[PDB]
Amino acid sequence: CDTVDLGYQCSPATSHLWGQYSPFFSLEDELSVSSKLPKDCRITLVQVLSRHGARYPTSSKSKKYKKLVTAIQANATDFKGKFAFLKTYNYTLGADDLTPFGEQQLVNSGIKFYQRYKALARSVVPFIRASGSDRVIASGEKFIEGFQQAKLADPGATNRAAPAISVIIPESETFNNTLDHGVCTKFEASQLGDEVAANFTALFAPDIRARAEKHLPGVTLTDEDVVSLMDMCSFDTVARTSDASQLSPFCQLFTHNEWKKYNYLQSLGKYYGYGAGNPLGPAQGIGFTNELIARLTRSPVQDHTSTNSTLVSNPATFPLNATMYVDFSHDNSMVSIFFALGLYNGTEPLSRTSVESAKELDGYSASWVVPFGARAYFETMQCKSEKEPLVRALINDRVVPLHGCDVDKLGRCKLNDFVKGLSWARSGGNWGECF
């Protein structure tokens, strides 16, 4: 079901509508030009920003889901129609960890990275950091597994030493971590994302609630339980077989049009929680943006937000000449980063009441941008057609045209021009409002 090149393509009319719970699927050519390396170009630097792979629910969510399934199985005097499987369903999910499928997604991502950047990877041991979350680190290890598998299979590889994860960035409310959020006091207190999501849930869940209660006499559900039962479609699918070869029976409880609404609920959550919808959303991504500028221009980090000054100004934990960088992070931080970089500056504020498709929103959705195993590639290339280095961003294989600079027909900008456009991040955005 899942491939190195294209990601997850089983039951795609459903599985591509799980927002951040969708397994990565390739968006090559979707509202985009070709992601191929252009004629007479040579990649000179690549930054990878990867999410962890498919996982179990977080321990608090897994507890909530188990409680819901237990309650339904206790209270229902019948399990009717499509809900009949709830009779005998055994909740077996764990918490937090990668599933076998999610491990394999990251092995595949490592292969894919080696394959796409072979000419550089042949001679490069990437410099790798991971935010300090078990599933994120494990994702890094699996990515490395795949990268080495591909490299050791390539007769043209010259520098074959395995990369280690050099930096495990601690996760806490006091540690400045560009790959996770936590230090921006006001933002961490923000409730806008949850409020927007509850509001939109109140619009669409009631009809579903009615139908489910009709099939589960004895059962009372909340709007939240409806969302819980929809979350279970993805979590169960990615856990129930090692290869996610079998769609969860939770999935066909809901119609296609309902999955569109769910996918949108997820997009709203991310947009209003971490993206431009939140007044302090993009500010959470300034830290990494400034790290990326530093890497693209081989220059010391200029940042006063969520970088750690001792991590960044020491060559051991922040080299400026590594040529390949790979960072492992979380959906929420990756959303803030992509917005801080201006990559979704063509996207207007999401309707809080009405579904808008990823294409209506110019390529933005949770499933297009931060699926399980999401990856972004930020390239620098040297082309016979141009004296200046050219920068290109690819998000889950979609060429995302840059903003803030004069972009060419291939969605690229000249390096200095791109950096010039990032004036908001370079000046620390509205970070001061954190306090």
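Each residue number is its position in the shown sequence, starting from 1.
379 to 387 and 51 to 59 differ in mean CA B-factor, and the higher of the two is recorded for 379 to 387. Taking the PDB entry as given, 351 to 359 carries the higher mean Cα B factor of the two stretches 351 to 359 and 259 to 267.
Note on the listed residues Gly81, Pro100, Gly132, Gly277: the highest Cα temperature factor in the record is that of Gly81.
Across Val400, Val46, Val369, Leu37, the entry's maximum B-factor at the CA atom is seen for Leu37. When the modelled residues of the chain are ordered by their C-alpha B factor, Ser22 lands in the lowest third. For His330, the recorded CA temperature factor ranks within the lowest third of the chain's modelled residues. For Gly7, the recorded CA temperature factor ranks within the lowest third of the chain's modelled residues. Sort the chain's modelled residues by C-alpha temperature factor and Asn308 lands in the highest third, per the entry. Ranked by C-alpha B-factor against the other modelled residues of its chain, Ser423 falls in the middle third.
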